[PDB]
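Visitor: A single structure is presented below for examination.
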Amino acid sequence: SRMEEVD
Amino acid sequence: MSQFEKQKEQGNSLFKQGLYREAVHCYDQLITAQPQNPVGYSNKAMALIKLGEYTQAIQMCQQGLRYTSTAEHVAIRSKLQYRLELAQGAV
Ligand SMILES: [Cl-]
């Protein structure tokens with residue numbers, strides 16, 4: 001996912 | 001899905017819903033269940049940042065990095081974003 005997103 | 005992955009999807013669903021304290025609480029259960037898995041710390045740090053809880057975020061980042069190996073395929077965008085903050089910090 002993107003830098004601003006969770007995993 | 002394992003129980004960890006189910007609890008993690010719930011925290012992530014709360015996070016995507018903009019329910020950050022609620023997500024933090026689920027992420028705490030990830031940390032408790034799997035203390036050497038960086039994902040709980042990383043996810044908890046994002047939810048904290050959304051809440052303006054910067055000090056606890058720093059603590060979660062430092063803790064999660066203790067359980068993270070090298071990452072050898074880092075995206076350029078990631079490096080630009082990290083180096084921007086690193087340098088802003090150092091000024
Ligand atoms: Cl990356």
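Letters A, B, ... mark the chains of the structure tokens in the order given; residue numbers begin at 1 per chain; ligand numbers begin at 1, in order shown.
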Near residue 6 in chain A, within 9 Å and counting only C-alpha atoms, which residues show up once chain neighbours fewer than 5 positions away are dropped, as a CSV table (one decimal) with C-alpha atoms, in the first residue's frame?
Guide:
```csv
chain,number,residue,atom,x,y,z
A,1,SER,CA,0.0,0.0,0.0
B,12,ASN,CA,-7.4,-1.4,9.1
B,15,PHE,CA,-8.5,3.2,10.3
B,16,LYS,CA,-10.0,3.6,6.7
B,39,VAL,CA,3.2,-4.3,11.3
B,42,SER,CA,3.8,0.6,12.0
B,43,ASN,CA,-0.1,0.6,11.8
B,44,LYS,CA,-0.4,1.9,15.3
B,46,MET,CA,-0.1,5.9,11.5
B,47,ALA,CA,-3.2,6.0,13.6
```
Visitor: With a cut-off of 9 Å, could you pull out the residues of chain B touching ligand 1 and give me the nearest pair of atoms for each, distance in Å to one decimal, using only C-alpha atoms and all ligand atoms, ordered by chain and ascending number, as a tab-separated table?
Guide:
```
residue	atom	partner	partner_atom_place_in_ligand_line	distance
B:71	CA	ligand 1	1 (Cl)	7.7
B:72	CA	ligand 1	1 (Cl)	8.8
B:73	CA	ligand 1	1 (Cl)	6.7
B:74	CA	ligand 1	1 (Cl)	3.8
B:75	CA	ligand 1	1 (Cl)	4.3
B:76	CA	ligand 1	1 (Cl)	7.4
B:77	CA	ligand 1	1 (Cl)	7.6
B:78	CA	ligand 1	1 (Cl)	5.1
B:79	CA	ligand 1	1 (Cl)	7.4
```
Visitor: Output N, CA and C atoms of each residue in that selection to a file, as a PDB file, in the first residue's frame.
Guide:
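Below you can see again.pdb, which holds the result:
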```pdb
ATOM      1  N   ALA B  71      15.424  -3.430   4.148  1.00  0.00           N
ATOM      2  CA  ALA B  71      14.527  -3.402   3.014  1.00  0.00           C
ATOM      3  C   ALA B  71      15.400  -2.956   1.848  1.00  0.00           C
ATOM      4  N   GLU B  72      15.569  -3.814   0.855  1.00  0.00           N
ATOM      5  CA  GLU B  72      16.578  -3.615  -0.181  1.00  0.00           C
ATOM      6  C   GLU B  72      15.998  -3.053  -1.471  1.00  0.00           C
ATOM      7  N   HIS B  73      14.686  -2.839  -1.513  1.00  0.00           N
ATOM      8  CA  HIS B  73      14.027  -2.425  -2.759  1.00  0.00           C
ATOM      9  C   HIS B  73      13.143  -1.197  -2.519  1.00  0.00           C
ATOM     10  N   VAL B  74      13.744  -0.160  -1.963  1.00  0.00           N
ATOM     11  CA  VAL B  74      12.953   0.980  -1.451  1.00  0.00           C
ATOM     12  C   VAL B  74      12.515   1.836  -2.644  1.00  0.00           C
ATOM     13  N   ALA B  75      11.263   2.286  -2.660  1.00  0.00           N
ATOM     14  CA  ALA B  75      10.815   3.117  -3.789  1.00  0.00           C
ATOM     15  C   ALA B  75      11.453   4.511  -3.736  1.00  0.00           C
ATOM     16  N   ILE B  76      11.730   5.064  -4.885  1.00  0.00           N
ATOM     17  CA  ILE B  76      12.230   6.477  -4.993  1.00  0.00           C
ATOM     18  C   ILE B  76      11.322   7.463  -4.288  1.00  0.00           C
ATOM     19  N   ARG B  77      10.022   7.326  -4.438  1.00  0.00           N
ATOM     20  CA  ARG B  77       9.055   8.270  -3.773  1.00  0.00           C
ATOM     21  C   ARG B  77       9.260   8.241  -2.270  1.00  0.00           C
ATOM     22  N   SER B  78       9.458   7.049  -1.743  1.00  0.00           N
ATOM     23  CA  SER B  78       9.709   6.823  -0.308  1.00  0.00           C
ATOM     24  C   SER B  78      10.979   7.542   0.154  1.00  0.00           C
ATOM     25  N   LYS B  79      12.007   7.496  -0.679  1.00  0.00           N
ATOM     26  CA  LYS B  79      13.289   8.131  -0.374  1.00  0.00           C
ATOM     27  C   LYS B  79      13.145   9.630  -0.429  1.00  0.00           C
TER      28      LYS B  79
END
```
Visitor: Pick out the residues sitting within 9 Å of residue 29 in chain B, and hand them over as a list in words; count only C-alpha atoms, and ignore anything fewer than 5 positions along from it in its own chain.
Guide: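 The residues that qualify are residues 4, 7, 8, 24, 34 and 40 of chain B.
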Visitor: Kindly indicate which residue among B:63, B:50, B:41, B:1 lies nearest to residue 4 in chain A, using only C-alpha atoms for the distances.
Guide: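 Among B:63, B:50, B:41, B:1, it is B:50 that comes nearest to residue 4 in chain A.
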Visitor: Given only C-alpha atoms as the basis, pick out the residue of B:84, B:33, B:65, B:23 nearest to chain A.
Guide: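 For chain A, the nearest of the given residues is B:23.
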Visitor: CA of residue 85 in chain B and CA of residue 20 in chain B are how many Å apart?
Guide: 23.2 Å
Visitor: Nearest to residue 26 in chain B: which of B:13, B:69, B:38, B:59 is it, counting only C-alpha atoms?
Guide: B:13
Visitor: Could you check how far CA of residue 64 in chain B sits from CA of residue 37 in chain B, in Å to one decimal?
Guide: 7.5 Å
Visitor: What is the distance between CA of residue 48 in chain B and CA of residue 31 in chain B, in Å to one decimal?
Guide: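 Distance between the two atoms: 14.5 Å.
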Visitor: With only C-alpha atoms as the atoms that count, which of B:45, B:3, B:90, B:27 lies nearest to residue 5 in chain A?
Guide: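 Looking only at the distances to residue 5 in chain A, the closest residue turns out to be B:45.
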